[PDB]
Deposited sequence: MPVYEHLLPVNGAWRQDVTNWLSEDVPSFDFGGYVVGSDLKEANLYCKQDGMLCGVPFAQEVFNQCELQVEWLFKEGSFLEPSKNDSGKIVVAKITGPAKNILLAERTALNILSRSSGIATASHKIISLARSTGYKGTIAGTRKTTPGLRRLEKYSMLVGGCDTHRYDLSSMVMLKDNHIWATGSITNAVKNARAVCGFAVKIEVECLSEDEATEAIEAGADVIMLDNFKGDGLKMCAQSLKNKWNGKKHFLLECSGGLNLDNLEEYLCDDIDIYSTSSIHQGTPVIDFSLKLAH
């Protein structure tokens, strides 16, 4: 199975790429005027160790900029530029009008660097959490970059982690606020179940068995314990995991370092 097949042949994600280009060229591209449209060739280099992610998104940038791209690595490949190659590894070869290449450059790399960065941070964490014997799952959160949720969630998947619920319409998540308001957790879950129906899971954030009792009771599919159903623990920082089904943490995607890339024309 190929991860890039998660993206619909057409949809709003492609218009996003268009909007990212417009963000970079509000009026005219002066540099492209001087460099002209002569056919050039360029190398796209990875300059740091990590997992390659965000290929389909970057590919869409190149398509709209009408360039031809030859990827030398599949998405998900671990790159090690430090051994040494002048510090870099070419992961793609670009061909097309000079101005088009230089126009597509910044946006494409800004995509790859962050996407690869999240996959690398994602993989590092689950790998590290799984090396302790913990066979549960490591998940993200909804603490994504505004307007970039599609790409960031996608990067979590390639990094090997669970994306968790995508948004507020995906899985009901009731925490203390919701419960106080409906009153009973069995009522909170009752109402939640009334609208979300059977096709969506309901998770409840509990403190004591009491809550996690009526919660399991009412029919909640997931119980979060904070401090025929699943258990979750939100926080995951360091050193330990203990047979809980899910440990959620924004560390795999929010505020993670980026994986540097560069693009240089042949001559």
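- Sequence ranges 1, 229-249, 262-267 have no coordinates in this entry (deposited sequence, numbered from 1, C-alpha basis).
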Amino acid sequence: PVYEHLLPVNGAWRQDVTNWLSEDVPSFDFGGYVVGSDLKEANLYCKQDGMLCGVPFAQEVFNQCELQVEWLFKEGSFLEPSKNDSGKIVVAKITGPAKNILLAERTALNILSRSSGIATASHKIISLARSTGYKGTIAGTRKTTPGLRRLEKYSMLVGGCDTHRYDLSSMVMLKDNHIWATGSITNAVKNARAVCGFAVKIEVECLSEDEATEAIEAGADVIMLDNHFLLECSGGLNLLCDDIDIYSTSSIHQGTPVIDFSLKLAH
From here on, numbers count along this sequence of modelled residues.
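The term rigid core refers to the maximal set of C-alpha atoms that superpose within 1.5 Å between the two forms.
- Here the rigid core sets the fit, and in 4 other deposited structures of this protein the C-alphas of 229-237 stray farther than those of the other stretch, out of 229-237 and 45-53.
- When the other structures are laid on the shown form by the rigid core, the stretch among 207-215 and 63-71 with the greater C-alpha deviation in 4 other deposited structures of this protein turns out to be 207-215.
- Higher mean CA B-factor, judged across 92-100 and 129-137 from the recorded values: 129-137.
- Of the two stretches examined, 38-46 and 209-217, the record assigns the greater average C-alpha temperature factor to 209-217.
- For the set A58, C241, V222, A199, the maximum C-alpha B-factor listed in the entry falls on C241.
- In this entry, the residue among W180, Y154, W71, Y166 with the greatest C-alpha B factor is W180.
- Among the modelled residues of its chain, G76 has a C-alpha B-factor that falls in the middle third, as given in the PDB entry.
- Among the modelled residues of its chain, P146 has a C-alpha B-factor that falls in the lowest third, as given in the PDB entry.
- For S170, the recorded CA temperature factor ranks within the middle third of the chain's modelled residues.
- Looking at the C-alpha B-factors along this chain, the one for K190 belongs to the highest third.
- In the deposited entry, the Cα temperature factor of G236 sits in the top third of values across the chain's modelled residues.
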